[PDB]
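Enquirer: Experimental coordinates follow, after the sequence.
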Amino acid sequence: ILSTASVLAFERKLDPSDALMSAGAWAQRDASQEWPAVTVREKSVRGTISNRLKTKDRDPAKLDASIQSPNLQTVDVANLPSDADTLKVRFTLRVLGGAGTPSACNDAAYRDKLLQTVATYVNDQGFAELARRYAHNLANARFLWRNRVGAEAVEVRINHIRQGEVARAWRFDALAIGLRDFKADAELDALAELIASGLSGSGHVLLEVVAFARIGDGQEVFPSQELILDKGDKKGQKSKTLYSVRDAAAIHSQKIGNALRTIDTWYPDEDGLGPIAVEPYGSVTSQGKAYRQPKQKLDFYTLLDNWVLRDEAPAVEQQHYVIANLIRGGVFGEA
Amino acid sequence: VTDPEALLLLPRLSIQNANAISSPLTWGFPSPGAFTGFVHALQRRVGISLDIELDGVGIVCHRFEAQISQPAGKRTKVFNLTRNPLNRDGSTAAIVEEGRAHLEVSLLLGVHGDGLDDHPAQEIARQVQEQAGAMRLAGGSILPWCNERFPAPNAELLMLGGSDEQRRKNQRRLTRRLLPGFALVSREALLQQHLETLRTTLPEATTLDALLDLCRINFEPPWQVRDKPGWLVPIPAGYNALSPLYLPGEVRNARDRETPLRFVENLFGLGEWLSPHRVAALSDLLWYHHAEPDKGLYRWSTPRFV
RNA sequence: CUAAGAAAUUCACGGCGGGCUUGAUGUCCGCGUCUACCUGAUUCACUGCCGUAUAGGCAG
């Protein structure tokens, strides 16, 4: 009857690493291999209360006595040096390939039907709309999350690293390439064809993505913050911990991947946001709202069941979203 | 099991989010089952085409960084987590604590087969490294070394030496290459004889308690701490059966419906982080599997260590 | 065929108000550093001439 597989698991294609941020001066970005790393240090903050009072503690005695007892935090802070106006954020991206083959599948019938469906997609329309948008989110530095929002000039350099060296090098103006328009370009189409040939082939394509952002002298850079439950007793508590690999500030690999996946302009709600990240029940953690609900027939599970099980193929946009989830990975399956 | 004809060296592989939770009782470096399963996946993916049998792995760990943090006013550590996506209603998902660790290990693989003759050594070393670059080692991605000073290449050392001096010479040449780390071996004879000593001390002792006794730092009255021979970590040395062996299409929600499933449970043994020139033969210190599936007792160790 | 497979911690912040560390003090007796050597391995790829030449030759 072709029931769904009780265990489905797709591996993560487009597997980035931690985006190492270092620092120096613009117009020597070409010699940015000995740029010193942005280090994460501690500073002390003292703040007043600013959160909303809960309509029982609004009286002026408790408020005035509560600004006399301030919260005192040691936060982690990563800044550029006072003689460096450019932030160099560097990571590596593996585009693995075998994008429709699941890492775990119970039913050989469902596995063969899903491989037949993925191959029907790839022959009918390959990884050319998906990888164009992945190449956009590389080319505009969306992985520079808050490190992009005030930069004078962002410039992304992408190097196809072959067996020992750069096989083909790109260089983009990341502020001309917007964060919401997946347009066409010759060099973007070359990078998209490379990411397509990676996602199709049996081996990985390795890229080296370096993005320089001209922020300003001594300004704050924003590496990823660590999800630390149980910070401890409030005396020596560090209220904010910034991520750093080896005395060198960094962005998490899943944050870089979340920026790379932001290709989904196909969700049924209006695009006041533009692209969101490709997720089953497509849910923006900053918006707190899950688009692509199952009350509509436009989430990944209903579309994959209709496409593979009963051959109701969706539109080309929703099947881009389905194959983008298969590139994204995930652990699917009912009881 | 069988002795390696050659000894392949995957060089320092950078793994970015490896499983720090080795087992329900141990954290830290990932289990040796991860590395033995990785080398069996390397055999399963590239070794059946080169006509070789990649069997046995030696774990070295040049660099280790756990994504842990020590909370304020606490002596112990907690794990730094990742922020998962939301539910379909917009709420935060229930947090499942996974430990992530950044490794830098180099693996010594036992290679034996007829494909050692049919192919060059550097060709099969390059092929297993280009296949390992698309893989993962404890749940974490193998960082593939782009645009540093030089890429670390391989070396497939044929263990068959024409002389014992040449064999000691290129064991030294390989040990110098994998030197800034610490080879991980299995000392279960030491665990059993420590259990025997603890049983002559106090009767009715379990070797869980002897394992703990090798883990602690014991303070002794006249004050001095009790010294230990080596590093002596607790490792999960395999699995033990809980259920009888179920048929392939009989258990529900398995990985595949063509492999017999059996509910198992960890078997915590003793390890020992020692430097690679304390072994004097690198064809030892390789972790193999030992199943004996009729009893249960699916386990890994490094036999032929001492 | 790896306790397999999957993942955005993040938004904001005034730590500063102030201050006498002072007195006092024996480092000190004594001592065998000898012995013996190739810096020279072509180690100064020089100075000049004929030639339009950087091409090529020549002298001491």
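Expert: Nice, I can see it. Numbers count the residues shown, from 1 in each chain, chains lettered A, B, ... in the order given.
Enquirer: any idea how far the closest residue to RNA strand C within chain A is from chain B?
Expert: Closest to RNA strand C within chain A is residue A:47: 2.0 Å, counting by Cβ to the nearest atom of the strand. Any C-beta I mention is one placed from the backbone N, CA and C, and that applies to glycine too. Residue A:47 sits 18 Å away from chain B, going by Cβ to the nearest Cβ, to the nearest Å.
Enquirer: That residue and residue A:70 touch, don't they?
Expert: Yes. Under the criterion of Cβ atoms under 8 Å, residue A:47 makes contact with residue A:70 at 6.2 Å.
Enquirer: Which residues does stretch B:267-279 contact?
Expert: Under the criterion Cβ atoms under 8 Å, 6 or more residues apart in numbering or on different chains, residues B:23, B:25-26, B:32, B:60-61, B:172, B:175, B:178-179, B:181-188, B:190-191, B:208, B:211, B:214, B:230-240, B:282, B:285, B:297, B:299, B:301, B:305 lie in contact with stretch B:267-279.
Enquirer: now with 6 Å?
Expert: For stretch B:267-279, the external contacting residues (Cβ atoms under 6 Å, 6 or more residues apart in numbering or on different chains) are B:25, B:175, B:178, B:182-188, B:191, B:211, B:214, B:230-238, B:240, B:285, B:299.
Enquirer: Buried only: go through these for me.
Expert: Buried residues within the contacts of stretch B:267-279, defined by neighbour count using 16 or more other Cβ atoms under 10 Å in any protein chain shown: B:175, B:178, B:182-188, B:191, B:211, B:214, B:232-238, B:285, B:299.
Enquirer: does the strand or helix carrying residue A:89 come close to chain B?
Expert: Assigned by DSSP states H and E, residue A:89 falls within strand A:86-95. Yes. Strand A:86-95 comes into contact with chain B (Cβ under 6 Å from any Cβ of the partner chain), by way of residue A:92.
Enquirer: Domain ranges for the chain, per the record?
Expert: Picking chain A for this. Listed by curated CATH domains, the domain ranges of chain A are A:1-11+A:99-126+A:263-335, A:12-98+A:127-262.
Enquirer: look at chain B instead
Expert: Using curated CATH domains, chain B is parsed into the domains B:4-181, B:182-302.
Enquirer: Now for the nearest residue to residue B:51 once chain neighbours are set aside: which residues touch it?
Expert: Take residue B:51 and drop its neighbours on the chain: the residue closest to it by Cβ to Cβ, 6 or more residues apart in numbering or on different chains is residue B:115, 3.4 Å away. Counting by Cβ under 6 Å, 6+ apart, residue B:115 makes contact with B:50, B:51, B:52.
Enquirer: Without its sequence neighbours, what residue ends up closest to the first one?
Expert: Nearest non-adjacent residue to residue B:50, counting by Cβ to Cβ, 6+ apart: residue B:115, 4.5 Å away.
Enquirer: What is the burial count for residue B:2?
Expert: 10 (other Cβ atoms under 10 Å in any protein chain shown).
Enquirer: in a helix, that's where it is, yeah?
Expert: No. Counting by DSSP: H, G, I helix; E, B strand; the rest coil, residue B:2 is not part of a helix but coil.
Enquirer: For it, which non-adjacent residue is spatially closest?
Expert: With sequence-adjacent residues excluded and distances taken as Cβ to Cβ, 6+ apart, residue B:2 is closest to residue B:112, at 6.5 Å.
Enquirer: what sits opposite that neighbour in the beta ladder?
Expert: Note on residue B:112: beta-bridge partners by DSSP bridges are residue B:53.
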